[PDB]
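Structure at a glance
Take a look at the letters that make up each chain.
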Amino acid sequence: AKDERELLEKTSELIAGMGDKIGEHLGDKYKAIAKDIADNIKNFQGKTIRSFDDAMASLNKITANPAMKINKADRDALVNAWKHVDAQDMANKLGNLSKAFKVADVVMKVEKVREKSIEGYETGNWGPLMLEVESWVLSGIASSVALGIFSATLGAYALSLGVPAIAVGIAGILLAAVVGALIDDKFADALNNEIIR
């Protein structure tokens, strides 16, 4: 495609928006990491997402960071925000943003992101979420589209968040880390250095 540039572009718009909403509580530095992330997405055509192993590496700099120990209430607010997602519904809304989100079995992709995010919050194991994306690329979905979909999904969840402010802060941080991991380890260092500490 050339219409891959389509999906990529409408997706960075969601990441940039995530950056505004969440920048309101975390600040300008966050607004900036999120927008730098959204430009990478924007111009990802022809690049390939980073390896399952490189990905867990950058992500672990974040999740394994003591300032990131999430409390149960927070963890319960974020899980519930996911359990309230209706994948068909969510697939349909992305469909309205653009034809290009109408990829083969998008409803199940969504549903897997949802379920493995829930697992991530509940057991602190981010492996299954990461392995889910990479496996779409291992199976033939263009890195562009995998990134695309993964990203829009997490961008839409974050935009719809209605949880307390500390909770939106912590979500926003892990959502930038999950996405950032597929792209450049730079993102992990910037969230770490500029925000978490």
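Residues numbered from 1 in each chain as written, not as in the entry; some residues may be left out. Heavy atoms only, no water.

With that settled, consider the UniProt feature "transmembrane region" in the protein. The sites that carry the UniProt feature "transmembrane region" are, in the present numbering, residues 135–157 and 161–183. Along residues 135–157 the backbone is 83% helical and 0% strand, and the end-to-end C-alpha distance reaches 22 Å. Taken end to end, residues 161–183 comprises 83% helix and 0% strand; its first and last C-alpha atoms sit 24 Å apart. (UniProt positions renumbered as here; feature names shortened; annotations may be inferred. Helix = DSSP H or I, 4+ residues; strand = E, 2+ residues; numbered from the N terminus.)

Next up on the list: the side chain of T153. Mapped onto the elements, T153 comes out in helix α8 (residues 143–160). Every residue in contact with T153, bar those within four places of it in the chain, is listed here: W82, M90, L94, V110 and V113. (Contact = heavy atoms within 4.5 Å.)

Another point: empty space enclosed by the protein. If a probe the size of a water molecule is rolled over the atoms, the empty space left behind becomes visible. If you walk through the whole model with that rule in mind, you get one cavity of 30 Å³ or more. In this structure, the largest cavity spans a volume of roughly 40 Å³. Contributions of two or more residues to the lining of the largest cavity are made by α6 (106–123) and α9 (165–183). Examining the composition of the lining of the largest cavity, we find that three residues originate from one element, α9, more than from any other. Considering only residue class, the lining of the largest cavity consists of eight nonpolar, one polar and no charged. (1 Å grid on protein atoms, 1.4 Å probe; cavity = no way out; pocket = protein on both sides within 12 Å on 5 of 7 lines; lining within 4 Å. Points joined across faces, edges and corners; volume = space filled by probe spheres on them. Nonpolar A, V, L, I, M, F, W, Y, C, P; charged D, E, K, R; others polar.)

Summed over all chains, the structure comprises 10 salt bridges. The shortest N-O distance in the salt bridge between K61 and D189 comes to 3.2 Å. Of the two residues, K61 is situated in helix α3 (residues 52–63) and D189 in helix α10 (residues 186–196); the sequence distance between them amounts to 128 residues. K61 gets classed as partly exposed once you look at its relative accessible area, which sits at 35%. Overall, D189 belongs to the partly exposed group, its relative accessible area being 31%. The salt bridge involving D76 is made with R75; its shortest N-O contact spans 2.7 Å. Residue class for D76 comes out partly exposed when judged on its relative accessible area of 38%. What you see here is one network of salt bridges that share partners, running through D20, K31 and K35. (Salt bridge = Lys/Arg side-chain N within 4 Å of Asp/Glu carboxyl O. Buried < 20%, exposed > 50% of the residue type's maximum accessible area, 1.4 Å probe, protein only.)

So, about the packing of α3 against α9. Between two packed helices, what matters for the description is the angle formed by their axes and the separation of those axes. Closest axis-to-axis distance for the α3/α9 pair is 8 Å, and the angle between their directions is 160 degrees. Our classification of the angle between α3 and α9 gives roughly antiparallel. Two packed elements cross with a definite hand, and for α3 against α9 that hand is right-handed. In contact with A55, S58, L59, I62 and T63 of α3, α9 contributes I173, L174, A177, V178, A181 and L182. Of the residues that constitute the contact of α3 with α9, the class distribution is nine nonpolar, two polar and no charged. (Axes fitted to C-alpha atoms, helices over the stretch in contact; angles between N-to-C directions. Parallel < 35°, antiparallel > 145°, perpendicular 65-115°, else oblique. Left-handed = near helix turned anticlockwise from the far one by under 90°.)

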